[PDB]
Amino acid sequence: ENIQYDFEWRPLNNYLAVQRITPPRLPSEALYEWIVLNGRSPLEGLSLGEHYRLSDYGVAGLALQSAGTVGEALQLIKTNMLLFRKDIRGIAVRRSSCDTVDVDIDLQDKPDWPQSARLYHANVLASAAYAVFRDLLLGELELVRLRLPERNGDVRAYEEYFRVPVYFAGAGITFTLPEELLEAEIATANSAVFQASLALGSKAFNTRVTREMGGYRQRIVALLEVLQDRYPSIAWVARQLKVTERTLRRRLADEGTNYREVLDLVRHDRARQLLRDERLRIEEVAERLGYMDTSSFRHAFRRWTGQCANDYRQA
């Protein structure tokens, strides 16, 4: 029983309301087609693209908003699991040796649509993607360049709209960004909301984003880092990643690790700052690192470094 919520339905109808137009698997798919095929100019696609709000992308959009950096937001975008994914064949992010990054949007074919409708369509996706970039990823900096699909036409109205150089060539859409943007902070970053929001995504979304973010080890490390002083069971972690414990163990084993080793890496790292703090007793360091008593911590710490905790604190 596959039932999807139709997030695109409202913004489509908002466009129709604004333009005073009356309309005759998801209901939005047929409506979108009708709007596109009845467009009187490809430029109208730019207006329709404006009607997609970040909130229209649902919990995936919340993850984007709360991501730590622009680079991390682009990892989520690369999963191709946002609104237009049926119409997008793939999204690539390519580093250049030219201090720029290309975000390439590859579009699915529309062989039954005429050439004007296909240009209209590309403008909708470009305008909507631009809105996301603008509100969230650009901030102060600007787009270097925008490439839209080849046609015989003037670029003026597009440079008017996007306020950056634009040209027509090839297939799909490419946004060129300054490379330094990737490490820039997202203004609404919130790592707790980000991790929580990923966990609310679908099984398929979770598998894909885990891959794009660097794999299961990295995913678990990021999750534990947000949980500043909690050390969850593998059961709880598997739940957050939308996988069974068995699957998680296996995928960790493929990356050549295991859950206990990942947990202890985070604990060891955290213990570095705790055993320098002169105000804490070893007892308090143990409790903070999730151990049930001091002796179990001492044995673990010994196992990590090969040195005793009190001797380490001095040296």
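All residue numbers are counted from 1 along the displayed sequence.
Between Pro24 and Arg25 - deposited residues without coordinates, as a size class: The entry leaves 10 or more residues without coordinates here.
Using only C-alpha atoms and the B-factors in the entry, which stretch averages higher, 125-133 or 241-249? Comparing averages over the C-alpha atoms only gives 241-249.
Average Cα temperature factor in the PDB entry - higher stretch of 167-175, 107-115: Mean C-alpha B-factor is greater for 107-115.
By the entry's C-alpha temperature factors, tell me which of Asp154, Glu185, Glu225, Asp87 sits highest. Spelled out: the listed residue with the top C-alpha B-factor is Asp154.
Between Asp102, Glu142, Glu72, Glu150, which carries the biggest CA temperature factor in the record? Going by the entry's C-alpha B-factors, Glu142 comes out highest.
What third of its chain, lowest, middle or highest, does the C-alpha temperature factor of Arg10 fall into? Ranked within chain, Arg10 CA B lands in the lowest tercile.
Among the chain's modelled residues, which third holds the C-alpha B-factor of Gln218? Ranked within chain, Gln218 CA B lands in the middle tercile.
Using only modelled residues of the chain, where does the Cα B factor of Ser197 rank: lowest third, middle third or highest third? CA B-factor rank for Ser197: lowest third.
Chain thirds of CA B-factor: placement of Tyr120: Within its chain, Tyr120 is a lowest-third residue by C-alpha B-factor, going by the deposited values.
Should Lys203 be placed in the lowest, middle or highest third of its chain by the C-alpha B factor in the entry? Tercile = middle for this residue's CA B-factor.
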